[PDB]
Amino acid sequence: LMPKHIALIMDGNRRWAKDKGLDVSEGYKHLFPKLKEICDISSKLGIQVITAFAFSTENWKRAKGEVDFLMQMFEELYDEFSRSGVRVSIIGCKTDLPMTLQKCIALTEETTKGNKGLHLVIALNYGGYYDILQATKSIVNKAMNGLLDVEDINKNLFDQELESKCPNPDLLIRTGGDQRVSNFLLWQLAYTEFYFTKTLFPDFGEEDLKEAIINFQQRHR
């Protein structure tokens, strides 16, 4: 039957544009509309959570023009999802983002927190290393103030401290043809089924998603 939580690595947007002879920014403008479209399709099929990798903690090393474009563009989050019926959370280091963007994100989380349908977790300035490190520093802090012991440290305690919460992804889908997780949900993908496709994210449609879910259903866990 249906995977309840799908993790999504949204790769291939720049290649999509360059191969078509478009400006790289054209690739990026399909990001949120496409993701929204996948949320609608996934919602009808009975999927409960999508966790989508939009910007990793390593993407600051991209060309300043592209980083600047992406950071302005990410402010369009509110228009795309405020009135969508999707419940939106952002994970990742929000305090590094421009303050306009931090406000925009907080507004989107606030306005959509009552929504009862699909939960979209957007990873923005996120990395798996980062997630495990903030968890660890929170666990150390508490041990230094006698709020927990060293024998209390277990899988469950970590699942509490991490930003991406249980239940973990059933299926991970990565577009763009690369076969890596690129510092996405490291701890959380321990038993996740991986599906890699050469299809670039702006080309990823309803049939591509169904092909992926059909592929997942055939696998014995």
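Throughout, we count residues from 1 along the sequence that is shown.
Peer 1: Quick one: across the other PDB entries of this protein we compared, is residue 62 left without coordinates in at least a third of them?
Peer 2: It is, since residue 62 is left out of at least a third of the other entries that model both flanking stretches.
Peer 1: Averaging the C-alpha B factors as listed in the entry, name the stretch that ends up higher: 176 to 184 or 65 to 73.
Peer 2: For C-alpha atoms only, the mean B-factor is higher in 65 to 73.
Peer 1: Should the higher mean CA B-factor in the entry be assigned to 206 to 214 or to 12 to 20?
Peer 2: Stretch with the greater average CA B-factor: 206 to 214.
Peer 1: Which has the highest CA B-factor per the PDB entry: 95, 125, 136, 145?
Peer 2: Going by the entry's C-alpha B-factors, 145 comes out highest.
Peer 1: At the C-alpha atoms, which of 164, 56, 156, 192 reaches the highest B-factor in this entry?
Peer 2: In this record, 156 carries the highest C-alpha B-factor of the candidates.
Peer 1: Ordered by C-alpha B-factor within the chain, which third holds residue 140? Give me lowest, middle or highest, please.
Peer 2: Within its chain, residue 140 is a highest-third residue by C-alpha B-factor, going by the deposited values.
Peer 1: Per the entry's values, where does residue 38 land by CA temperature factor relative to the rest of its chain, in the lowest, middle or highest third?
Peer 2: For residue 38, whose C-alpha B-factor we compare with every modelled residue in the chain, the answer is the middle third.
Peer 1: Splitting the chain's C-alpha B-factors into thirds, which one does residue 79 fall into?
Peer 2: Residue 79: CA B-factor falls in the highest third of its chain.
Peer 1: Check where residue 52 lands among this chain's C-alpha B-factors and tell me if it's the lowest, middle or highest third.
Peer 2: According to the entry, residue 52 has a C-alpha B-factor in the chain's lowest third.
Peer 1: C-alpha B factor of residue 150, ranked within the chain: lowest, middle or highest third?
Peer 2: Within its chain, residue 150 is a highest-third residue by C-alpha B-factor, going by the deposited values.
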